[PDB]
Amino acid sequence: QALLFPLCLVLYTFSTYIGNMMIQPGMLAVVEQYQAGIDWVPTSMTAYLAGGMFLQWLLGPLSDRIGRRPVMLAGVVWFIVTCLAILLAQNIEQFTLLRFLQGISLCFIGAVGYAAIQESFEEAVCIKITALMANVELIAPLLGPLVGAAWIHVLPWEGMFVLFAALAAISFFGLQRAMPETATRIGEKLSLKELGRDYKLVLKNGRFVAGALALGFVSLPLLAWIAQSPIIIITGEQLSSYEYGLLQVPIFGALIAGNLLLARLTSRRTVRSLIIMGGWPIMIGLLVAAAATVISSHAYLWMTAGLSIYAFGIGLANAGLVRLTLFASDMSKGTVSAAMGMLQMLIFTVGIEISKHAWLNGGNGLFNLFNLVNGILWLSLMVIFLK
């Protein structure tokens, strides 16, 4: 009867992902209008990222302290505002500022949004909702740059920011009068000292952190492409919106097929085995991605095909290693998730930044090498983590 409330959060999750996944393809348009350089294409994703790990930590224990409903809305409100208040910045120096504050609307999905379902809805109820909100994080980056390439053709870029402010409103007016709250730390002290100390505790966990990083490092060459897959292909390799949007699928359609097997071979194998099971393709992915652009700088096909191996493997291994890293520290779910959030993004954010220049002054070589760097890193934190 009240299954309309999860779907509203489902929608809010949907919008925030495409809000980044339809934007990176049509960032060129926005660069060739605001005028700075194609080096500011990925640096969209980057400031969108670096917002998420601002109050990531503080929003969880915060949505606890003063209700879940008014903080969640301060986020849905905070999204639609900067979804239309960025259309009136018009310069690239402060497009960042409004892109960045659109990235803080990311803490709200997990640290309070996800937490509202873990509080109210019960186990088997929560399962199908999370099985849903894991496909949102899979379909909205899969098909988002495909609508984001059929949107810049029939309309301008601006049509997106209206469509998101509106879809976040279809959810927001569905949450205006249909959002019950379950925060139990009402009327509690402004205890800020306790967080840093207790996050430092999970920070002390040389099995968890080294395992939290290795989640970052592994899933980065995935995000470093997404942020640069436009100006790698459109301007870099000089291909159209149908040809570049064609290369998004062999990658993604390989990640989906690695999340097909995972949930199927979750049974016949151990979690411990799956990470090493899905690790060989990842190793062979970034092995052959950059073992392509060796002498042949511009055989993007074999790079994208190499990011189809690597991508299949992220479906399986990376997803497994999530849990074990949660349970690598026998501590609170809220503190660990936030701690591995704020660690994965710092790998993502500043990982791309280096990943950017990796592409400039080197081209395609250096970039893919500063990919296999990360497969090396993750692997090098697997010889630690299991054996």
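All residue numbers refer to positions in the sequence shown, first residue = 1.
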### Query
Looking at the entry, does 211-219 or 86-94 show the higher mean C-alpha B-factor?
86-94
#### Entry: Between 271-279 and 146-154 (mean CA B-factor, as deposited), the higher
146-154
### Query
Looking at 44, 35, 318, 329, which has the biggest Cα B factor in the entry?
35
### Summary
Per the deposited entry, the peak Cα B-factor within the set 173, 252, 108, 244 goes to 173
### Query
Looking at the C-alpha B-factor of residue 339, is it in the lowest, middle or highest third of its chain?
middle
### Query
Which third, lowest, middle or highest, does the CA B-factor of residue 312 fall in along this chain?
lowest
### Chain third (lowest, middle, highest) by recorded CA B-factor, residue given as residue 358
lowest
### Query
residue 225: which third of its chain by C-alpha temperature factor?
lowest
### Task
Looking at the entry's B-factor column for C-alpha atoms only, identify whether residue 141 ranks in the lowest, middle or highest third of its chain.
middle
